[PDB]
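Down below is the structure, laid out as structure tokens.
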Amino acid sequence: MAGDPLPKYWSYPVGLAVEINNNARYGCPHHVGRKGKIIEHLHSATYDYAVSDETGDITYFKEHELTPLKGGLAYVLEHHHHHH
């Protein structure tokens, strides 16, 4: 795994579910360790996205302060299914 996946600015799109990792420790005190939803895009060297915390608190975060959530597809067997 090597290479720069930097397109231009925004790596994460709107509507993406993310979690706030504890690396925003100094910047968002006791607002880390939860999950949120990226609802807006910002252009700022401090904050790239506007994330709505699950508690209902809209906070501003940067790509470094967020971790994308995944639905799964790790326990599913998808190869031979013909409709429902």
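Would you please give the FRET efficiency between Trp10 and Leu73, computed as 1/(1 + (r/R0)^6) with r the Cβ-Cβ distance and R0 = 25 Å, to the nearest 0.05?
Calculated transfer efficiency: 0.55.
Sequence-distant or interchain residues sharing an amide H contact under 5 Å with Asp53, placed H: which?
Residues meeting the amide H criterion: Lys37, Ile58, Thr59.
Kindly provide the pair-distance distribution of the stretch 1-76 built from C-alpha pairs, with 5 Å bins from 0 and whole-percent values in order of increasing distance.
Using 5 Å bins, I get a P(r) of 3, 15, 26, 23, 16, 10, 5, 1 for the stretch 1-76.
In whole Hz and in residue order, list the ³J(HN,Hα) couplings for the stretch 35-47 that follow from phi through the Karplus curve 6.51 cos²θ - 1.76 cosθ + 1.60, θ = phi - 60°; x for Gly and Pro.
10, x, 10, 6, 10, 9, 10, 10, 10, 6, 6, 8, 8
Out of the stretch 24-84, which trypsin sites (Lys or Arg not before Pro) are coil in DSSP terms and have no more than 10 other C-beta atoms within 10 Å?
Answer in residue order: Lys70.
List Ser52, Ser44 from most exposed to least, where exposure is judged by having the fewest other Cβ atoms within 10 Å.
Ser44, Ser52
If the label point is 7 Å along Cα→Cβ of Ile58, which residues in the stretch 1-44 have backbone nitrogen under 14 Å from it?
15, 37-42, by backbone N distance to the label point.
Between exposed chymotrypsin sites (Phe, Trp or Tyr not before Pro) in the chain, where DSSP calls loop and at most 13 other Cβ atoms lie within 10 Å, what's the longest gap?
It runs 27-74.
Calculate the length of the line joining the C-alpha centroid of the stretch 1-50 to that of the stretch 54-84, in whole Å.
14
Loop only by DSSP, 15 or fewer other Cβ within 10 Å of the Cβ. Give me the GluC sites (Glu not before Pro) in the chain that pass, ordered by residue number.
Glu54, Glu78
Which order do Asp53, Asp4 fall in if you start with the one that has the fewest other Cβ atoms within 10 Å?
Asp4, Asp53
Give me, ordered by chain and number, the residues 5 or more places off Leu42 or on other chains with an amide H under 5 Å from its own placed amide H.
It is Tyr49, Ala50, by chain and number.
Hey, what do the phi angles of the stretch 73-84 turn into as Karplus ³J(HN,Hα) couplings, whole Hz, using 6.51/-1.76/1.60 and θ = phi - 60°, x for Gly and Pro?
These are the phi-based 3J(HN,Hα) values: 6, 9, 10, 8, 10, 10, 8, 10, 10, 10, 6, 10 Hz.
In this analysis, Cβ positions are derived from the backbone assuming ideal geometry, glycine residues included, and neighbour counts consider all displayed protein chains. Read-outs throughout are calculated quantities, based only on the coordinates presented, and are distinct from any laboratory measurement.
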